[PDB]
Amino acid sequence: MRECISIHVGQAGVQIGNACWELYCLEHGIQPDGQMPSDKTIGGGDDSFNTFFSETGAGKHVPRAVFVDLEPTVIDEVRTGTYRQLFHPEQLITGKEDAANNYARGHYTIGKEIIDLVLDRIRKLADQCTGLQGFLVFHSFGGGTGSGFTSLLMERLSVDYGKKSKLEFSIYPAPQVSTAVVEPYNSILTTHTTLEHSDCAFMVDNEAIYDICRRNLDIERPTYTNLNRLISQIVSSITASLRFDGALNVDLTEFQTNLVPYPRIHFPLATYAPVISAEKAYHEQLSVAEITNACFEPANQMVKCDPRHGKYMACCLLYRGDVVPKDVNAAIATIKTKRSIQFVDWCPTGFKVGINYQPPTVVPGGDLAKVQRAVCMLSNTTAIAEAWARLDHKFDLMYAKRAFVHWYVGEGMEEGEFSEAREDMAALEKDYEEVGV
Amino acid sequence: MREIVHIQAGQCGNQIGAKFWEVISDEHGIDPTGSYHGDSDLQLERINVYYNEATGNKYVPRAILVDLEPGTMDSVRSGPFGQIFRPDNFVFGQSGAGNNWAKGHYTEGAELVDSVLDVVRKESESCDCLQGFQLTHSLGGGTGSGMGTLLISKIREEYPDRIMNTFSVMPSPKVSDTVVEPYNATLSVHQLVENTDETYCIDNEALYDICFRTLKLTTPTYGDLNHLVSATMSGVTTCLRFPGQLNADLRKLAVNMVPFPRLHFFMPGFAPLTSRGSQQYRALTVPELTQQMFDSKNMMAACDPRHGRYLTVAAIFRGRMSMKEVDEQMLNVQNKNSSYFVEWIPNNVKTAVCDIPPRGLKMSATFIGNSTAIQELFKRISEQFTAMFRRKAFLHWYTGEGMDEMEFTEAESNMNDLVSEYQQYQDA
Amino acid sequence: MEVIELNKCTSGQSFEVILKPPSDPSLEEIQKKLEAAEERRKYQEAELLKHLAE
Amino acid sequence: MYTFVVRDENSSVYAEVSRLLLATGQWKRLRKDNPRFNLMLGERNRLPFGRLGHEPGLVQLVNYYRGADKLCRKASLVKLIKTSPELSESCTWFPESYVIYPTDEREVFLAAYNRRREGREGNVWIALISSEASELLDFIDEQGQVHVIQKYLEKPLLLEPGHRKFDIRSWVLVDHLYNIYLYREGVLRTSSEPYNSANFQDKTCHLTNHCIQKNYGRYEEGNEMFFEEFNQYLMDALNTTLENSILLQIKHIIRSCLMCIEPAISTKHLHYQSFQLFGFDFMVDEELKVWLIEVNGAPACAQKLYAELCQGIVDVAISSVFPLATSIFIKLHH
Ligand SMILES: Nc1nc2c(ncn2[C@@H]2O[C@H](COP(=O)(O)OP(=O)(O)OP(=O)(O)O)[C@@H](O)[C@H]2O)c(=O)[nH]1
Ligand SMILES: Nc1nc2c(ncn2[C@@H]2O[C@H](COP(=O)(O)OP(=O)(O)O)[C@@H](O)[C@H]2O)c(=O)[nH]1
Ligand SMILES: COc1ccc(N(C)c2cc(=O)oc3ccccc23)cc1N
Ligand SMILES: [Ca+2]
Ligand SMILES: [Mg+2]
Ligand SMILES: [Mg+2]
């Protein structure tokens, strides 16, 4: 067993974190007070779930988690909510003033002042670990803290834990639920600074999740809560292999090996099915073939883009529920004859498959129906670069007039960092083009 | 950033200021004595922003009341909510400012300003995390205009990393006390351009026209003008005062609304437009709110929005309504009139909703626009300035207090620079 | 068509299916950039304060 | 008020289409770069498909299918026919073709060239037209571009009077639902020079397009015979109709090409929708067999037909998605 520390940065990182840990407790049968009746080794152990949970002598199971926000009100809700007893007060870190939607403020001004304290609290969790494998980092691209503080933190984690893997769950900005007009600036700034420091990053476009909630959950105006219960299902699918017995994606290193052959091109597309409303009176349960086929529809992806017009470098299918290899292979053979799936010349055309027999757990009274089988596909496709193209175009529109740049310069950032960040993105868009056409 | 310190200066400043406190006190269920008597918990959640817990479960809204005359402040003290203000926060001289910016800024005001800064400091020292300041004043008099902008400069010196927000009442010949208003206003604008982060341009021309043409008041008083101001003021501070999705503050308002530091003069708007006492019984449909809030006749600055382009817009909808319909209507305005929104700021229109309606309405909309059409306001003031200035008329009132002509020449050029800066982005 | 690396446990199974074959800055430099940015902020502030002094 | 943008300036079809859209008074044209459009009439190259269908409150539609270049480039068409099971090398209606680079199937090309040497049949190939392989392979390397060698059609149907060559242009519109609509009006692009079997030191006698002719204009206005006349001719000369002898084969080829790429390009479950107008170019041999020459992705029309075709584009591609306040197409059913 090798431990993983989760880091949740800013409002989005924190609230998604709440949702993920809520779900993890439900999956492993851990109660809000941290008791786990099924865990027969009281006070310690090296089961698969211990990757994410430490244990006290009293048998409290505590997340290997740090929550950080530059302002208190979001983490204050963790401090006083259903799961308040789960987390040690020292794991929940807040400043008094936020980054005001400004990367430069999150990274340079306010960040400089809280960084050592956060690293010290991270150090405290690391010291409790027999063999720390590394980090899962949750944040928005668009927030001042989520962008600014995260990129500084990432830089520092590379210095202090040079051998450790770092994975990201990243909320890409969507105008339907955006908070700031400068989110494109913050996204490009944070991506540039973080790129060398992250091994694998799972991007979730709030536009995709919003539309999935509208179309499949019949929610007219999805809230953050609706979005996050869905996101936490996808994260749980992704991390299940770290938390349960298995032979696929068992350590963080294996995520890079299996999904990322080119280190800069480290953004796998996640696709999830099925999403079914809990209020749907009559539902015909979907087969292995139907859910697997649904992994190739844009409407089910975490980022809206078109994989038919790019190439694949890798593909994992992660099933939960009543699924056996033979039905997977039969589904794959059919899908291959109907769909444009093209791999890059130097990679095998194939699928790594993982099955866990436990069907997905749903949050009681939540929006998602219980289903007999579900799948998360992780594909490293060049098509995801469509998202970088959209974001870069928005950046260029504002930056050609230097609209809002003064707010960043006023925090000590040089104007030059904007065009450096943007050049790196230009190079990234280029990399995807070379590999994919 | 949590606490805001509110300052009200001069006759206009204190009259709109008193009305603002009346209106928001009602919304937060606070009574003339400072005792809470409401039912909703949304009322108390962010009450710290303005109000401040005192002895025996009381609320003392961070407010400092400033004048060079005692008249209006005696009127505040005996007015409906007069008892609520902290007595030590009444800071007044005796001699007045005679509608003269030089008296407020250089002579009479200089004598009183340190006493105000002592009260400001005392209030700031109680703050966990002071966001900054909001000032209510007019630009056409002498105290709110001259002493108000002196205060701003001194507050910036002592708190250079805090936000400065004003509600600034612009003079109009249609509602005019003295011929020197354009002088006072031009001198003040020069200061506002340098030392505020955000300024709401409340145009007395527009308030008059709304009262006359729309509310059918044949003879608008200051009290009718102020009814519109306090409703707009309640509207624009909604997201600072009530918990929602946004958790807005003064800095985030500035970051998102102001692409270039000098272009920070906002055109506010309100719907539905209502008079005092007289109010209609049918609520508006969300399409009607949206149409009325964007209508030039609902704007509090006498500028034609079609004569320019919106750099940024913040829209607040208040009441119980379909958020889906709000989004659809807001998206519809942009998609239907896209040329009036600059294409080089993606998604430059942001909407927020609050369940709690203002008093006596089921549905309301408040509009905050950063439009390049605001240049019309400054051109108007500039034309009126030059008409007198070219003959140096009425200048002796100012040179008698030690000012030189050069200072008028500089303030005029800066305000003309501001105008051409708006023209730049209207075309580019 | 070919199915490799079949692993089975009580919790589930994993395998691979092949359809076709193929064919950092130091603590020092960080501190420098963060202190350089503070120095730009202090300077911009001192220039404001001198303007206010005038 | 629906909105649209125009990003191809050189397009006669879409100039006319926008002109018609404005004339309804229910369509506003916006600036080239305004994102807030219902309709994009896009640029011919590097069209940013990745930026479409991410605008809340706007159904978005574009006049190109992403991936349709696979059909509409000389080199990639041959590749598409050879490698797709739906079509195959066995394919009866596309000439024998080989892809050649100037730096590839050079060795496999001239192996079939010896079947034309040994059991000597017609051994004339188009690249520009030669009888000799070694003169073709020089011409490719000397110009430094990727191009295709194709079996040239040595026994074409020849119009009388004149002993003339011709090609058929068919206009096909594929809507957002992937309905395939063949415009009922085609055009023959004739040679005005008599055809010469023993001479390939030629130009105007052999190459049929409207430009490399401007004997011009002799038998019909600007080397353009329309369908009513060409049918009449086929009745008079050959005792058949255009429908039976040619159009059945044309409809077959069009449907086969477009059904083949449908899974790669369809916008059925996508966040934006596509339509596209294609120009299919056909050759007819002397035994009334149809051969596909090329597919054009950005075609111009013929002067007489602009009005009718562009109105059809509005009615079936545009108004179907965006309704305003007899049919000129044959629907190719599937
Ligand atoms: N999916 C999801 N997105 C969120 C949530 N909260 C915020 N966001 C998104 O995150 C972006 C805004 O950043 P936040 O994370 O709120 O900001 P922050 O990191 O707290 O930074 P500041 O508040 O600016 O200091 C926007 O694109 C939001 O739509 C959430 O709970 N779920
Ligand atoms: N809207 C509004 N304008 C006012 C009010 N009182 C004065 N004014 C305007 O304010 C300007 C005069 O300034 P005033 O505040 O009386 O002078 P001060 O006491 O020296 O600041 C003129 O433009 C008046 O029209 C008021 O109560 N409401
Ligand atoms: C143009 O985009 C915006 C404009 C303003 C805001 N914020 C921060 C608001 C703050 C506020 O105090 O009031 C508001 C009322 C409505 C909508 C936004 C605000 C945010 C964005 N993105
Ligand atoms: Ca144990
Ligand atoms: Mg925050
Ligand atoms: Mg007065």
Side-chain angles (χ1 to χ4, degrees), chain A residues 1 8-16 28-30 34-62 67-77 94-103 105-106 110 139-140 142-150 171 178-180 183 186 224, chain B residues 1 9-16 67-69 71-73 75 96-101 103-104 137-148 169 171 175-178 180-181 184 204 222 225 245-249 251-252 255:
Chain A
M1 191 278 295
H8 310 283
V9 179
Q11 180 175 304
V14 169
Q15 299 187 144
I16 291 157
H28 297 289
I30 299 161
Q35 290 300 303
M36 191 185 171
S38 73
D39 180 14
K40 293 298 130 76
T41 46
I42 308 278
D46 62 346
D47 301 323
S48 276
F49 67 82
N50 294 129
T51 298
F52 276 59
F53 293 85
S54 67
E55 302 177 45
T56 71
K60 204 218 265 285
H61 290 72
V62 1
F67 291 68
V68 53
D69 205 357
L70 296 184
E71 167 263 318
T73 61
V74 175
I75 292 184
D76 277 332
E77 271 157 319
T94 55
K96 10 193 150 70
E97 62 179 331
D98 65 37
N101 303 160
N102 184 346
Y103 171 92
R105 198 164 176 95
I110 308 194
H139 62 110
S140 55
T145 297
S147 66
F149 192 67
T150 306
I171 303 310
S178 63
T179 74
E183 293 187 36
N186 292 345
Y224 286 142
Chain B
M1 310 149 224
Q11 174 168 50
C12 182
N14 278 277
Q15 281 166 359
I16 71 175
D67 215 339
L68 285 166
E69 203 166 301
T72 317
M73 279 168 52
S75 270
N99 289 293
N100 183 320
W101 187 91
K103 295 186 180 198
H137 67 328
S138 62
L139 305 196
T143 301
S145 196
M147 196 193 179
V169 178
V175 200
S176 184
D177 308 330
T178 68
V180 293
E181 289 165 352
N184 297 331
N204 262 358
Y222 284 126
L225 266 40
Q245 295 276 82
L246 266 172
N247 182 40
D249 60 43
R251 187 167 281 100
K252 283 184 290 191
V255 169

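By convention in this document, chain letters (A, B, ...) are assigned in the order of the sequence lines, proteins followed by strands, and residues within each chain are numbered from 1. Counting starts at 1 for both ligands and their atoms, following the listed order. Atoms considered below: every heavy atom in the structure, side chains included; atoms not considered: hydrogens, waters and symmetry mates.
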Checklist entry - What are the two closest heavy atoms between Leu68(B) and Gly104(B), and how far apart are they? => result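 The pair with the smallest heavy-atom distance is CD1-CA, 4.1 Å.
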Taking both backbone and side chain into account, is any N, O or S atom of [X] nearer than 3.0 Å to the Ca ion (ligand 4)?
X	result
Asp47(A)	no
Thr41(A)	yes
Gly59(A)	no

Item to check | Evaluation steps, side-chain contact (heavy atoms from CB on, under 4.5 Å), between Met36(A) and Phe49(A) | outcome: CA-CA 11 Å; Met36(A) 191 185 171; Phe49(A) 67 82; 3.6 Å; yes
Next on the checklist: Does any part of the side chain of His8(A), heavy atoms only, come nearer than 4.5 Å to the side chain of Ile16(A), both counted from C-beta?
Outcome noted: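 The answer is no, as the side chains (C-beta and beyond) never meet within the 4.5 Å cut-off.
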Next on the checklist: Hydrogens and angles aside, do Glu55(A) and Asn50(A) bring a side-chain donor and acceptor to less than 3.5 Å of each other?
Outcome noted: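 Yes.
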Checklist entry - If only atom types and distance count, is the side chain of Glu181(B) paired as donor or acceptor with the main-chain N or O of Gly140(B) below 3.5 Å? => result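 Side chain of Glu181(B) to backbone of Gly140(B): no pair is present.
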Checklist entry - Quick check: does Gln11(B) have an N/O/S atom under 2.8 Å of the Mg ion (ligand 6)? => result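 Here the distance criterion (N, O or S atom, under 2.8 Å) is met by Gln11(B), so yes.
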Next on the checklist: Please report, to 10°, the angle around the Ca ion (ligand 4) from atom O (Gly44(A)) across to atom OD2 (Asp39(A)).
Outcome noted: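 Rounded to 10°, it measures 150°.
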